[PDB]
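Asker: Below is the file my_file-v4.cif, with mmCIF, C-alpha atoms and all ligand atoms.
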```
data_entry
#
loop_
_atom_site.group_PDB
_atom_site.id
_atom_site.type_symbol
_atom_site.label_atom_id
_atom_site.label_comp_id
_atom_site.auth_asym_id
_atom_site.auth_seq_id
_atom_site.Cartn_x
_atom_site.Cartn_y
_atom_site.Cartn_z
ATOM 1 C CA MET A 1 8.462 -25.237 12.227
ATOM 2 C CA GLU A 2 7.207 -28.240 14.156
ATOM 3 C CA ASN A 3 6.585 -25.473 16.668
ATOM 4 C CA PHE A 4 3.575 -24.370 14.637
ATOM 5 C CA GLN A 5 0.129 -25.696 13.885
ATOM 6 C CA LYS A 6 -1.582 -24.297 10.819
ATOM 7 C CA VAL A 7 -5.130 -23.196 11.489
ATOM 8 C CA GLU A 8 -6.188 -21.998 8.046
ATOM 9 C CA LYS A 9 -4.843 -20.672 4.774
ATOM 10 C CA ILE A 10 -5.013 -16.856 4.931
ATOM 11 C CA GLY A 11 -3.447 -15.780 1.653
ATOM 12 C CA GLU A 12 -1.633 -16.864 -1.486
ATOM 13 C CA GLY A 13 0.979 -14.879 -3.401
ATOM 14 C CA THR A 14 3.708 -15.343 -6.014
ATOM 15 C CA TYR A 15 6.368 -15.490 -3.310
ATOM 16 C CA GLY A 16 4.658 -17.758 -0.818
ATOM 17 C CA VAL A 17 1.521 -18.687 1.042
ATOM 18 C CA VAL A 18 0.229 -17.273 4.336
ATOM 19 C CA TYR A 19 -1.427 -19.271 7.098
ATOM 20 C CA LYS A 20 -3.017 -18.428 10.402
ATOM 21 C CA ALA A 21 -1.126 -20.656 12.787
ATOM 22 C CA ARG A 22 -0.664 -21.267 16.491
ATOM 23 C CA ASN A 23 2.701 -21.469 18.188
ATOM 24 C CA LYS A 24 2.450 -24.786 20.036
ATOM 25 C CA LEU A 25 4.774 -23.140 22.533
ATOM 26 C CA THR A 26 4.232 -19.380 22.889
ATOM 27 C CA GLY A 27 0.532 -20.191 22.510
ATOM 28 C CA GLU A 28 0.273 -17.159 20.265
ATOM 29 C CA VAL A 29 -1.769 -16.995 17.101
ATOM 30 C CA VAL A 30 0.340 -15.606 14.283
ATOM 31 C CA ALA A 31 0.433 -15.196 10.501
ATOM 32 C CA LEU A 32 2.944 -17.612 9.056
ATOM 33 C CA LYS A 33 4.343 -16.907 5.612
ATOM 34 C CA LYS A 34 5.951 -19.886 3.847
ATOM 35 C CA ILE A 35 8.517 -18.686 1.279
ATOM 36 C CA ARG A 36 9.177 -21.283 -1.411
ATOM 37 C CA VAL A 44 17.975 -19.107 -0.984
ATOM 38 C CA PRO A 45 20.110 -15.910 -1.130
ATOM 39 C CA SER A 46 22.191 -15.040 1.917
ATOM 40 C CA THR A 47 21.812 -11.373 1.005
ATOM 41 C CA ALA A 48 18.068 -11.845 1.397
ATOM 42 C CA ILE A 49 18.648 -13.452 4.793
ATOM 43 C CA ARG A 50 20.313 -10.196 5.849
ATOM 44 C CA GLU A 51 17.732 -8.041 4.050
ATOM 45 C CA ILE A 52 14.990 -9.764 6.027
ATOM 46 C CA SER A 53 17.067 -9.695 9.216
ATOM 47 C CA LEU A 54 16.915 -5.919 8.889
ATOM 48 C CA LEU A 55 13.153 -5.766 8.500
ATOM 49 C CA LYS A 56 12.935 -7.379 11.945
ATOM 50 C CA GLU A 57 14.272 -4.206 13.560
ATOM 51 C CA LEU A 58 12.001 -1.953 11.542
ATOM 52 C CA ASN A 59 9.427 -1.839 14.316
ATOM 53 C CA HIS A 60 6.529 0.665 14.405
ATOM 54 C CA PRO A 61 2.870 0.749 15.622
ATOM 55 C CA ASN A 62 1.677 0.985 12.021
ATOM 56 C CA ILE A 63 3.860 -1.744 10.603
ATOM 57 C CA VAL A 64 2.828 -5.373 11.068
ATOM 58 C CA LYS A 65 5.419 -6.945 13.379
ATOM 59 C CA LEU A 66 7.874 -9.517 12.090
ATOM 60 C CA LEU A 67 8.046 -11.683 15.197
ATOM 61 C CA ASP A 68 10.566 -14.224 13.932
ATOM 62 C CA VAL A 69 12.388 -15.486 10.862
ATOM 63 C CA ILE A 70 12.837 -19.248 10.504
ATOM 64 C CA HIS A 71 15.295 -20.581 7.969
ATOM 65 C CA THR A 72 15.298 -24.362 7.692
ATOM 66 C CA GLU A 73 16.160 -26.467 4.656
ATOM 67 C CA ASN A 74 14.980 -25.086 1.316
ATOM 68 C CA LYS A 75 12.191 -23.148 3.000
ATOM 69 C CA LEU A 76 11.982 -19.762 4.653
ATOM 70 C CA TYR A 77 9.206 -19.017 7.145
ATOM 71 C CA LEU A 78 8.307 -15.555 8.367
ATOM 72 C CA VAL A 79 6.208 -15.299 11.506
ATOM 73 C CA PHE A 80 4.122 -12.158 11.716
ATOM 74 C CA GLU A 81 1.820 -10.562 14.188
ATOM 75 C CA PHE A 82 -1.750 -11.609 13.330
ATOM 76 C CA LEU A 83 -4.498 -9.056 12.625
ATOM 77 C CA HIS A 84 -8.119 -9.934 12.025
ATOM 78 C CA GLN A 85 -9.100 -8.117 8.856
ATOM 79 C CA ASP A 86 -7.756 -6.417 5.743
ATOM 80 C CA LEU A 87 -8.833 -3.006 4.454
ATOM 81 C CA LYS A 88 -10.153 -4.596 1.269
ATOM 82 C CA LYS A 89 -12.688 -6.681 3.181
ATOM 83 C CA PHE A 90 -13.621 -3.691 5.318
ATOM 84 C CA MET A 91 -14.102 -1.536 2.201
ATOM 85 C CA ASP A 92 -16.256 -4.280 0.692
ATOM 86 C CA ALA A 93 -18.269 -4.489 3.913
ATOM 87 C CA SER A 94 -18.707 -0.695 4.027
ATOM 88 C CA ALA A 95 -19.549 -0.353 0.346
ATOM 89 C CA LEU A 96 -23.226 0.627 0.750
ATOM 90 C CA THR A 97 -22.716 3.152 3.534
ATOM 91 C CA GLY A 98 -19.127 4.195 2.898
ATOM 92 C CA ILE A 99 -16.392 4.491 5.517
ATOM 93 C CA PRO A 100 -17.086 7.610 7.568
ATOM 94 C CA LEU A 101 -14.656 10.416 6.751
ATOM 95 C CA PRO A 102 -13.184 10.625 10.263
ATOM 96 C CA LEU A 103 -12.161 6.973 9.990
ATOM 97 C CA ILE A 104 -10.785 7.405 6.473
ATOM 98 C CA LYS A 105 -8.724 10.341 7.783
ATOM 99 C CA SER A 106 -7.432 8.345 10.764
ATOM 100 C CA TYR A 107 -6.387 5.412 8.591
ATOM 101 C CA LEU A 108 -4.679 7.738 6.075
ATOM 102 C CA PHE A 109 -2.844 9.581 8.859
ATOM 103 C CA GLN A 110 -1.667 6.343 10.506
ATOM 104 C CA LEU A 111 -0.453 4.976 7.187
ATOM 105 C CA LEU A 112 1.485 8.189 6.499
ATOM 106 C CA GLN A 113 3.085 7.710 9.934
ATOM 107 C CA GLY A 114 4.076 4.171 9.018
ATOM 108 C CA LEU A 115 5.456 5.349 5.710
ATOM 109 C CA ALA A 116 7.301 8.334 7.209
ATOM 110 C CA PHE A 117 9.045 5.820 9.472
ATOM 111 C CA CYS A 118 9.916 3.320 6.732
ATOM 112 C CA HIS A 119 11.027 6.022 4.401
ATOM 113 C CA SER A 120 13.240 7.649 7.034
ATOM 114 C CA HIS A 121 15.027 4.298 7.103
ATOM 115 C CA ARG A 122 15.203 4.282 3.307
ATOM 116 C CA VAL A 123 12.844 1.308 3.201
ATOM 117 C CA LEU A 124 10.162 1.261 0.470
ATOM 118 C CA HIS A 125 7.022 -0.826 0.500
ATOM 119 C CA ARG A 126 6.692 -0.876 -3.320
ATOM 120 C CA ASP A 127 3.327 -2.687 -3.405
ATOM 121 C CA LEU A 128 0.752 -1.015 -1.168
ATOM 122 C CA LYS A 129 -2.827 -2.070 -1.726
ATOM 123 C CA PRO A 130 -5.984 -2.586 0.348
ATOM 124 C CA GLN A 131 -5.259 -6.316 0.612
ATOM 125 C CA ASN A 132 -2.031 -5.766 2.520
ATOM 126 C CA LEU A 133 -3.328 -3.060 4.821
ATOM 127 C CA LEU A 134 -4.495 -4.744 8.007
ATOM 128 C CA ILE A 135 -6.844 -3.352 10.683
ATOM 129 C CA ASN A 136 -7.837 -4.208 14.235
ATOM 130 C CA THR A 137 -10.714 -3.582 16.606
ATOM 131 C CA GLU A 138 -8.807 -0.762 18.261
ATOM 132 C CA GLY A 139 -8.892 1.556 15.257
ATOM 133 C CA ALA A 140 -5.353 0.745 14.102
ATOM 134 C CA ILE A 141 -4.279 0.142 10.515
ATOM 135 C CA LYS A 142 -0.910 -1.361 9.645
ATOM 136 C CA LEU A 143 1.438 -1.864 6.692
ATOM 137 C CA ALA A 144 2.040 -5.488 5.707
ATOM 138 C CA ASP A 145 3.549 -7.545 2.903
ATOM 139 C CA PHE A 146 6.459 -5.320 2.154
ATOM 140 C CA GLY A 147 7.673 -5.944 -1.369
ATOM 141 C CA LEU A 148 11.374 -6.643 -1.764
ATOM 142 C CA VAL A 163 -2.254 -12.090 -11.409
ATOM 143 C CA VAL A 164 -0.469 -8.949 -10.159
ATOM 144 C CA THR A 165 -2.691 -5.911 -9.472
ATOM 145 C CA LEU A 166 -1.490 -2.760 -11.187
ATOM 146 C CA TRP A 167 -4.144 -0.408 -9.867
ATOM 147 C CA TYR A 168 -1.862 1.276 -7.284
ATOM 148 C CA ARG A 169 1.346 1.416 -9.312
ATOM 149 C CA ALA A 170 3.126 4.758 -9.637
ATOM 150 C CA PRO A 171 3.599 6.118 -13.175
ATOM 151 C CA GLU A 172 7.427 6.157 -12.901
ATOM 152 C CA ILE A 173 7.365 2.378 -12.316
ATOM 153 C CA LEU A 174 5.071 1.808 -15.307
ATOM 154 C CA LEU A 175 7.353 3.944 -17.525
ATOM 155 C CA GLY A 176 10.349 1.764 -16.686
ATOM 156 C CA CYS A 177 12.206 3.832 -14.092
ATOM 157 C CA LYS A 178 14.589 1.372 -12.498
ATOM 158 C CA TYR A 179 15.727 3.316 -9.428
ATOM 159 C CA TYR A 180 12.462 4.735 -8.177
ATOM 160 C CA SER A 181 11.869 6.307 -4.791
ATOM 161 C CA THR A 182 9.797 6.357 -1.641
ATOM 162 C CA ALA A 183 7.436 8.543 -3.709
ATOM 163 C CA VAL A 184 5.954 5.371 -5.238
ATOM 164 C CA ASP A 185 4.367 4.495 -1.866
ATOM 165 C CA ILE A 186 2.783 7.959 -1.592
ATOM 166 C CA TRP A 187 1.228 7.486 -5.019
ATOM 167 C CA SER A 188 -0.222 4.085 -4.008
ATOM 168 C CA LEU A 189 -1.617 5.486 -0.783
ATOM 169 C CA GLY A 190 -3.190 8.372 -2.719
ATOM 170 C CA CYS A 191 -5.007 5.851 -4.894
ATOM 171 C CA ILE A 192 -6.178 3.974 -1.798
ATOM 172 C CA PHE A 193 -7.319 7.270 -0.188
ATOM 173 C CA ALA A 194 -9.412 8.027 -3.290
ATOM 174 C CA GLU A 195 -10.857 4.543 -3.216
ATOM 175 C CA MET A 196 -11.949 4.750 0.415
ATOM 176 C CA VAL A 197 -13.753 8.008 -0.323
ATOM 177 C CA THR A 198 -15.521 7.087 -3.560
ATOM 178 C CA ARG A 199 -15.928 3.356 -3.027
ATOM 179 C CA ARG A 200 -14.427 2.704 -6.427
ATOM 180 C CA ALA A 201 -10.869 1.979 -7.554
ATOM 181 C CA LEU A 202 -9.291 5.166 -8.920
ATOM 182 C CA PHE A 203 -7.280 3.562 -11.764
ATOM 183 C CA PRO A 204 -8.416 -0.033 -12.321
ATOM 184 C CA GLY A 205 -6.109 -1.088 -15.171
ATOM 185 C CA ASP A 206 -5.823 -4.630 -16.418
ATOM 186 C CA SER A 207 -2.520 -4.245 -18.246
ATOM 187 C CA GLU A 208 0.471 -1.955 -17.811
ATOM 188 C CA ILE A 209 -0.539 0.183 -20.752
ATOM 189 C CA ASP A 210 -4.236 0.292 -19.733
ATOM 190 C CA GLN A 211 -3.091 1.306 -16.229
ATOM 191 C CA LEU A 212 -0.901 4.031 -17.703
ATOM 192 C CA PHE A 213 -3.634 5.225 -20.068
ATOM 193 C CA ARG A 214 -6.280 5.287 -17.309
ATOM 194 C CA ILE A 215 -3.887 7.518 -15.342
ATOM 195 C CA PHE A 216 -3.296 9.720 -18.402
ATOM 196 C CA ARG A 217 -7.021 10.053 -19.132
ATOM 197 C CA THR A 218 -7.682 11.339 -15.610
ATOM 198 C CA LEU A 219 -4.623 13.436 -14.768
ATOM 199 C CA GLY A 220 -3.638 14.253 -18.359
ATOM 200 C CA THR A 221 -0.810 12.864 -20.455
ATOM 201 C CA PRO A 222 2.374 13.919 -18.699
ATOM 202 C CA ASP A 223 4.892 16.049 -20.573
ATOM 203 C CA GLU A 224 8.104 17.942 -19.897
ATOM 204 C CA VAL A 225 6.137 20.856 -18.458
ATOM 205 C CA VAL A 226 4.693 19.019 -15.475
ATOM 206 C CA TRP A 227 7.311 16.253 -15.318
ATOM 207 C CA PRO A 228 10.835 17.212 -16.409
ATOM 208 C CA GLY A 229 12.596 14.166 -17.831
ATOM 209 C CA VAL A 230 9.434 12.167 -18.475
ATOM 210 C CA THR A 231 10.012 11.916 -22.245
ATOM 211 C CA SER A 232 13.360 10.189 -21.715
ATOM 212 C CA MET A 233 12.046 7.454 -19.446
ATOM 213 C CA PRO A 234 12.667 3.893 -20.737
ATOM 214 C CA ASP A 235 9.061 3.053 -21.736
ATOM 215 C CA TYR A 236 7.864 6.546 -22.613
ATOM 216 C CA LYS A 237 6.641 6.735 -26.243
ATOM 217 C CA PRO A 238 6.179 9.989 -28.159
ATOM 218 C CA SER A 239 3.242 8.195 -29.732
ATOM 219 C CA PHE A 240 1.372 8.155 -26.406
ATOM 220 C CA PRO A 241 -2.023 9.749 -26.919
ATOM 221 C CA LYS A 242 -2.352 13.275 -25.515
ATOM 222 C CA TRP A 243 -5.301 13.549 -23.131
ATOM 223 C CA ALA A 244 -6.229 16.667 -21.124
ATOM 224 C CA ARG A 245 -6.340 16.640 -17.335
ATOM 225 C CA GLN A 246 -9.789 16.047 -15.856
ATOM 226 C CA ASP A 247 -11.253 18.320 -13.202
ATOM 227 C CA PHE A 248 -10.307 17.010 -9.807
ATOM 228 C CA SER A 249 -13.750 17.773 -8.356
ATOM 229 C CA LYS A 250 -15.047 15.149 -10.779
ATOM 230 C CA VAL A 251 -12.539 12.551 -9.589
ATOM 231 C CA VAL A 252 -13.266 12.246 -5.843
ATOM 232 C CA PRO A 253 -16.447 14.360 -5.698
ATOM 233 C CA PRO A 254 -17.607 13.869 -2.130
ATOM 234 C CA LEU A 255 -14.189 14.893 -0.765
ATOM 235 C CA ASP A 256 -13.693 18.344 0.733
ATOM 236 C CA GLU A 257 -11.147 20.849 -0.547
ATOM 237 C CA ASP A 258 -8.515 20.013 2.096
ATOM 238 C CA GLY A 259 -8.757 16.311 1.164
ATOM 239 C CA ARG A 260 -8.665 17.042 -2.588
ATOM 240 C CA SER A 261 -5.710 19.337 -2.080
ATOM 241 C CA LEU A 262 -3.769 16.628 -0.227
ATOM 242 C CA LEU A 263 -4.761 13.964 -2.743
ATOM 243 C CA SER A 264 -3.548 16.111 -5.666
ATOM 244 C CA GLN A 265 -0.133 16.447 -4.012
ATOM 245 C CA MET A 266 0.063 12.665 -3.425
ATOM 246 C CA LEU A 267 -0.735 12.143 -7.120
ATOM 247 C CA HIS A 268 1.773 14.549 -8.662
ATOM 248 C CA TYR A 269 3.399 13.028 -11.722
ATOM 249 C CA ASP A 270 6.887 14.230 -10.867
ATOM 250 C CA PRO A 271 8.128 11.996 -8.031
ATOM 251 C CA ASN A 272 10.172 14.965 -6.821
ATOM 252 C CA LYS A 273 7.110 17.192 -6.634
ATOM 253 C CA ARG A 274 5.013 14.458 -5.036
ATOM 254 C CA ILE A 275 4.438 15.183 -1.352
ATOM 255 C CA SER A 276 6.519 13.295 1.235
ATOM 256 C CA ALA A 277 4.915 11.256 4.020
ATOM 257 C CA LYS A 278 6.383 13.624 6.587
ATOM 258 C CA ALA A 279 5.038 16.734 4.818
ATOM 259 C CA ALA A 280 1.637 15.123 4.259
ATOM 260 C CA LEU A 281 1.270 14.613 8.004
ATOM 261 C CA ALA A 282 1.390 18.418 8.417
ATOM 262 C CA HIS A 283 -1.339 19.005 5.829
ATOM 263 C CA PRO A 284 -4.420 21.035 6.968
ATOM 264 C CA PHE A 285 -6.600 17.999 6.227
ATOM 265 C CA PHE A 286 -5.233 16.458 9.418
ATOM 266 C CA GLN A 287 -5.966 19.385 11.699
ATOM 267 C CA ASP A 288 -9.076 17.672 13.095
ATOM 268 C CA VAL A 289 -7.812 14.083 12.854
ATOM 269 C CA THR A 290 -9.086 11.660 15.506
ATOM 270 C CA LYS A 291 -9.033 7.908 16.073
ATOM 271 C CA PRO A 292 -12.476 6.423 15.685
ATOM 272 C CA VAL A 293 -13.040 2.727 16.235
ATOM 273 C CA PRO A 294 -14.371 0.764 13.300
ATOM 274 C CA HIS A 295 -17.210 -1.706 13.511
ATOM 275 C CA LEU A 296 -15.587 -4.976 12.502
ATOM 276 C CA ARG A 297 -17.522 -8.154 11.929
ATOM 277 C CA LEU A 298 -14.988 -10.924 12.575
HETATM 278 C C1 LIG A 301 -5.479 -11.089 0.490
HETATM 279 N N1 LIG A 301 -5.930 -11.026 1.899
HETATM 280 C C2 LIG A 301 -4.770 -10.953 2.827
HETATM 281 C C3 LIG A 301 -5.319 -10.785 4.223
HETATM 282 N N2 LIG A 301 -6.141 -11.940 4.480
HETATM 283 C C4 LIG A 301 -6.505 -11.921 5.828
HETATM 284 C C5 LIG A 301 -7.798 -12.108 6.251
HETATM 285 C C6 LIG A 301 -8.150 -12.094 7.579
HETATM 286 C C7 LIG A 301 -7.235 -11.893 8.584
HETATM 287 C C8 LIG A 301 -5.926 -11.704 8.180
HETATM 288 N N3 LIG A 301 -4.811 -11.487 8.943
HETATM 289 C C9 LIG A 301 -3.814 -11.378 8.100
HETATM 290 C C10 LIG A 301 -2.416 -11.126 8.507
HETATM 291 N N4 LIG A 301 -2.071 -10.962 9.791
HETATM 292 N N5 LIG A 301 -0.755 -10.710 9.738
HETATM 293 C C11 LIG A 301 -0.243 -10.705 8.474
HETATM 294 C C12 LIG A 301 1.037 -10.460 8.046
HETATM 295 C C13 LIG A 301 1.225 -10.527 6.685
HETATM 296 C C14 LIG A 301 2.516 -10.201 6.148
HETATM 297 C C15 LIG A 301 3.042 -10.788 5.021
HETATM 298 C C16 LIG A 301 4.264 -10.382 4.535
HETATM 299 C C17 LIG A 301 4.980 -9.388 5.165
HETATM 300 N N6 LIG A 301 6.227 -8.963 4.671
HETATM 301 C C18 LIG A 301 4.456 -8.802 6.296
HETATM 302 C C19 LIG A 301 3.231 -9.205 6.771
HETATM 303 C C20 LIG A 301 0.182 -10.813 5.838
HETATM 304 C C21 LIG A 301 -1.104 -11.037 6.272
HETATM 305 C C22 LIG A 301 -1.307 -10.974 7.639
HETATM 306 N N7 LIG A 301 -4.256 -11.510 6.815
HETATM 307 C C23 LIG A 301 -5.600 -11.722 6.843
HETATM 308 C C24 LIG A 301 -7.322 -11.992 3.648
HETATM 309 C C25 LIG A 301 -6.886 -12.122 2.208
#
```
Please, can you express the file's structure as structure tokens?
Ligand SMILES: CN1CCN(c2cccc3nc(-c4n[nH]c5cc(-c6ccc(N)cc6)ccc45)[nH]c23)CC1
Answerer:
Amino acid sequence: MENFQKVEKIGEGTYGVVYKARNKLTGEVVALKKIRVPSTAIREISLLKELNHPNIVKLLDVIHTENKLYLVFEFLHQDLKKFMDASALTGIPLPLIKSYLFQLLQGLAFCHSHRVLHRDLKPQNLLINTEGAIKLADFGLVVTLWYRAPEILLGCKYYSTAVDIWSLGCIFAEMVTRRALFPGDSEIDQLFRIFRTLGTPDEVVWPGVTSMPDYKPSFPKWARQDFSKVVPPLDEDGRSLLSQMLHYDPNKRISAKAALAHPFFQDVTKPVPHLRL
């Protein structure tokens, strides 16, 4: 760790803190996460090092010394959140939204084929570069609930890769409308905001829902809203794909692999964004 000079504090979480740092040796500029421990986690992390893909932020090295764990990541220059904020008055052009969505589905298809889940996708841990790339970061092993799948909120303990598809659907929506799709400030408000838009789930659309740990018969019954009202600007191919990413039933929810074959992506390209760094 003496091999690193911290340049500036990049992020703070409930696990650790992230710094932009320079390797006094390699010369490289990297993102250094200071985790503040389980041997099983040492092996869990050791496995993430092999999980290498163009759309996953590279774990360059793992450094375990004393009562600290440091993870050295590939550095990227901006997060999607900042880019969304910066594009808020014009909106991200559709071709770029499509490219980012496609690339993220590629990243997820990869992860998921290795039975790895992200669990906590959000704009803040999606990182972009000048080349038009977007990458998955901050894999999960005040907390924002806005992107949480309904099965998680209802207490499902052994949830699936489908949770990441739900999160990405919410992010897709957000890029298109320039507003959070489900901005809840508590678990129940998150759940109820979902219900109010997509309708209160029942056994018809989601077999087994009523026997989930935190499901309550006393949940209010709201009707599903018209989808054309939810992401207006978006064309029918986009809305179609979104609806399949936001299916209640995790087993009906589209896979990353299947989503990549959706008609929406027939004309996909790779624009370059204009980044102000
Ligand atoms: C809230 N945001 C976060 C992003 N922040 C940020 C701003 C500007 C440039 C940034 N570059 C990063 C970054 N590069 N590489 C990373 C790797 C992880 C990582 C961490 C954990 C894992 N597991 C994998 C990768 C997290 C963050 C980064 N983050 C940046 C701005 C504030």
Asker: Excluding same-chain residues fewer than 3 positions from segment 126-138 of chain A, what lies within 6 Å of it counting all atoms listed in the file, as an MDAnalysis selection string?
Answerer: chainID A and resid 85:88 141:145 147 188 293
Asker: May I have the selected residues written with C-alpha atoms, as a PDB file, in the coordinates of the input?
Answerer:
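selection15.pdb was written with the following content:
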```
ATOM      1  CA  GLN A  85      -9.100  -8.117   8.856  1.00  0.00           C
ATOM      2  CA  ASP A  86      -7.756  -6.417   5.743  1.00  0.00           C
ATOM      3  CA  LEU A  87      -8.833  -3.006   4.454  1.00  0.00           C
ATOM      4  CA  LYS A  88     -10.153  -4.596   1.269  1.00  0.00           C
ATOM      5  CA  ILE A 141      -4.279   0.142  10.515  1.00  0.00           C
ATOM      6  CA  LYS A 142      -0.910  -1.361   9.645  1.00  0.00           C
ATOM      7  CA  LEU A 143       1.438  -1.864   6.692  1.00  0.00           C
ATOM      8  CA  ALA A 144       2.040  -5.488   5.707  1.00  0.00           C
ATOM      9  CA  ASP A 145       3.549  -7.545   2.903  1.00  0.00           C
ATOM     10  CA  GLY A 147       7.673  -5.944  -1.369  1.00  0.00           C
ATOM     11  CA  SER A 188      -0.222   4.085  -4.008  1.00  0.00           C
ATOM     12  CA  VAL A 293     -13.040   2.727  16.235  1.00  0.00           C
TER      13      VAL A 293
END
```
Asker: How many Å separate atom CA of residue 251 of chain A from atom CA of residue 113 of chain A?
Answerer: 25.5 Å
Asker: Could you check the closest approach to ligand LIG 301 (chain A) for each of A:63, A:10, A:197, A:202 and tell me which residue wins, using only C-alpha atoms and all ligand atoms?
Answerer: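 Selected residue with least distance to ligand LIG 301 (chain A): A:10.
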Asker: Just how far from atom CA of residue 29 of chain A is atom CA of residue 84 of chain A, in Å to one decimal?
Answerer: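 Distance between the two atoms: 10.8 Å.
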Asker: Give, as lines of an AutoDock Vina configuration file, the centre coordinates and the x, y and z edge lengths in Å to one decimal for an axis-aligned box around all listed atoms of segment 103-108 of chain A, padded by 8 Å on each side.
Answerer:
```
center_x = -8.4
center_y = 7.9
center_z = 8.4
size_x = 23.5
size_y = 20.9
size_z = 20.7
```
